[PDB]
Novice: 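Quick one: the structure is below, and I'll ask about it shortly.
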Amino acid sequence: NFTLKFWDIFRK
Amino acid sequence: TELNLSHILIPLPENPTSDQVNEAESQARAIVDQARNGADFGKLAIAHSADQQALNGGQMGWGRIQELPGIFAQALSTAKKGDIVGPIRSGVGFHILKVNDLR
Amino acid sequence: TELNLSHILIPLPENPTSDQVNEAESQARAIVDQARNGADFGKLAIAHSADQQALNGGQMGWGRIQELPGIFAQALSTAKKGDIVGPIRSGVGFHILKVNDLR
């Protein structure tokens with residue numbers, strides 16, 4: 001599932 | 001709007017049985033209650049979160065509301081500093097979020 | 001509503017110069033153009049994407065529209081299989097999405 005895979009992209 | 005969030009993931013396998021879902025939900029609800037009653041959220045993440053940020057207390061840092069997963073942004077539509085939100089179900093498991101700050 | 005997506009990130013630092021932005025936007029647009037022309041999207045991701053899924057061809061797998069970040073949800077809600085969407089700007093760069101499937 002892509003929920004966290006996408007969120008990880010925006011983390012700083 | 002931007003939120004400084006901490007996150008805890010109680011994982012579920014890809015195609016979970018109803019029993020597996022119920023057990024994960026139970027653990028997540030227990031954690032939400034402990035957090036609302038004052039438990040250190042970072043320590044809860046260290047002890048229970050399956051995500052990569054678990055060791056750092058589940059800190060996710062600052063994020064734009066428009067960049068958060070929709071299911072999280074929706075659940076945080078009225079959140080205030082200190083609030084514990086969840087459990088929120090996704091395809092990877094149950095999520096618990098804490099609002100550390102907002103701006 | 002579920003989508004199977006692949007993604008490419010052309011990065012920008014937090015406070016980019018206008019030249020950095022123009023150069024990143026140009027590369028992202030070139031990638032969208034090649035992808036729409038039939039280029040192998042996975043190879044494009046391996047070659048140019050800065051995100052963690054790059055080495056796996058930018059494959060993100062399946063997910064619900066509500067699980068997507070808000071900045072992608074509206075655009076993807078009306079896309080069809082095979083569409084290349086972007087470039088979409090976020091705080092971390094320019095994004096290109098490929099709709100591998102809908103189910």
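Letters A, B, ... mirror the listed sequences (proteins, then strands); counts begin at 1. Computation of the quantities below employed the complete heavy-atom set of this structure, encompassing side-chain atoms and omitting hydrogens, waters and symmetry-equivalent molecules.
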Novice: Treating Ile, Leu, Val, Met, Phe, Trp and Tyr as nodes and any side-chain heavy-atom pair under 4.5 angstrom as an edge, say whether B:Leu68 and B:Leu97 lie in one connected cluster.
Specialist: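 Yes, same cluster.
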Novice: Can you name the side chain to side chain contact (heavy atoms under 4.5 Å, CB included) partners of B:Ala50, sequence neighbours left out?
Specialist: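 Testing B:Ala50 for side chain to side chain contact (heavy atoms under 4.5 Å, CB included), a comparison that skips the adjacent residues, returns B:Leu9, B:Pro11.
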Novice: Members other than B:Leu12 in its cluster, when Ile, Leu, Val, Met, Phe, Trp, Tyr link by side-chain heavy atoms under 4.5 Å?
Specialist: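 Same cluster as B:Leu12: B:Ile8, B:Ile10, B:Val21, B:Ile31, B:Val32, B:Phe41, B:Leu44, B:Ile84, B:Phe94, B:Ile96.
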Novice: Checking C:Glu14 side chain against C:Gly91 main chain: does a donor-acceptor pair fall under 3.5 Å?
Specialist: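 Answer holds: no.
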Novice: Spell out, yes or no, whether A:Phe10 and B:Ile65 are grouped together once hydrophobic residues are joined by side-chain heavy atoms under 4.5 Å, including indirect joins.
Specialist: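 Different hydrophobic clusters.
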Novice: Can you tell me how far the OG atom of C:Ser90 sits from the CZ atom of B:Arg64, to the nearest 0.5 Å?
Specialist: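 Output value for this atom pair is 6.0 Å.
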Novice: How close do C:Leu102 and C:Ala79 get, counting heavy atoms only, and between which atoms?
Specialist: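 Looks like CD1-O, 3.8 Å.
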Novice: Side chains of C:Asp51 and C:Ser49: do they bring a donor and an acceptor to under 3.5 Å?
Specialist: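 Short answer, yes.
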Novice: Donor-acceptor pair, distance only, cut-off 3.5 Å: does the side chain of B:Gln27 make one with the backbone of B:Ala24?
Specialist: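 Between the backbone of B:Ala24 and the side chain of B:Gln27 there is no qualifying donor-acceptor contact (under 3.5 Å).
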Novice: Do we get B:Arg103 above B:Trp62's six-membered ring, with its NZ or CZ under 6.0 Å from the centre and within 45° of the axis?
Specialist: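 Because its charged atom sits under 6.0 Å from the ring centre and within 45° of the axis, B:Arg103 does stack over B:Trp62.
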Novice: Minimum heavy-atom separation for B:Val99 to B:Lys80, with atom names?
Specialist: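 In terms of heavy atoms, the two residues are closest at CB-O, 3.5 Å.
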Novice: If only atom types and distance count, is the side chain of B:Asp40 paired as donor or acceptor with the main-chain N or O of B:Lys43 below 3.5 Å?
Specialist: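 Yes, because the side chain of B:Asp40 sits within donor-acceptor range (under 3.5 Å) of the backbone of B:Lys43.
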Novice: Group every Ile, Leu, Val, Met, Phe, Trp and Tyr by side-chain heavy-atom contacts under 4.5 Å, then state whether C:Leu5 and C:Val92 land in the same group.
Specialist: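 Yes; C:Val92 is reachable from C:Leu5 via cluster members.
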Novice: Do the side chain of A:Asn1 and the main chain of A:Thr3 share a donor and acceptor less than 3.5 angstrom apart?
Specialist: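 Between the backbone of A:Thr3 and the side chain of A:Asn1 there is a qualifying donor-acceptor contact (under 3.5 Å).
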Novice: Please find the pair of heavy atoms, one from C:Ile88 and one from C:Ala75, that lie closest to each other, and give the distance.
Specialist: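 For C:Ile88 and C:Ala75, the tightest heavy-atom pair comes out as CD1-CB, 4.2 Å.
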Novice: Other residues, nucleotides and ligands only: do more than 12 of their heavy atoms fall within 6.0 Å of NZ on A:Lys12?
Specialist: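 Correct, the count exceeds 12.
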Novice: Please state whether the rings of B:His7 and A:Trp7 are parallel, tilted or perpendicular, taking 30° and 60° as the class boundaries.
Specialist: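 Ring orientation, 0 to 90° scale: perpendicular.
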Novice: Got a second to check how far B:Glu25's CD is from B:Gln20's CD, nearest 0.5 Å?
Specialist: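 B:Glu25 CD to B:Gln20 CD: 14.0 Å, rounded to 0.5 Å.
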Novice: Would you give the length of the straight line joining atom CZ of A:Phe2 to atom CD of C:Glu2, rounded to the nearest 0.5 angstrom?
Specialist: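 Atom-to-atom, A:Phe2:CZ and C:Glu2:CD are 8.0 Å apart.
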Novice: Above 12 or not: heavy atoms from other molecules or residues under 6.0 Å from CZ of C:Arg29?
Specialist: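 Result for CZ/C:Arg29: open.
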Novice: Hey, are B:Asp101 and B:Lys81 close enough for a salt bridge, meaning a charged N less than 4.0 Å from a carboxylate O?
Specialist: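 Result for this pair is yes, salt bridge flagged.
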Novice: Which heavy-atom pair separates C:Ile46 from C:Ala54 by the least distance, and what is that distance?
Specialist: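 Nearest heavy atoms, C:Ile46 then C:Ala54: CG1-O, 3.2 Å.
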Novice: Quick check: does any side chain N or O of B:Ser26 sit under 3.5 Å from a backbone N or O of B:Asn22, one acting as donor and the other as acceptor?
Specialist: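 A pair under 3.5 Å: no.
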Novice: Any sub-3.5 Å donor-acceptor pair from B:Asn37's side-chain atoms to B:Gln34's backbone N or O?
Specialist: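 No, because the side chain of B:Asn37 does not come within donor-acceptor range (under 3.5 Å) of the backbone of B:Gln34.
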Novice: Provide the closest heavy-atom pair for C:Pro13 versus C:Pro16 in the form atom of the first, atom of the second, distance.
Specialist: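 Closest approach of C:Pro13 to C:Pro16: O-CD, 3.3 Å.
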Novice: Which pair of heavy atoms, one from C:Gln74 and one from C:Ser77, lies closest together, and at what distance?
Specialist: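 Of all heavy-atom pairs spanning C:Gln74 and C:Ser77, the closest is O-OG, 2.7 Å.
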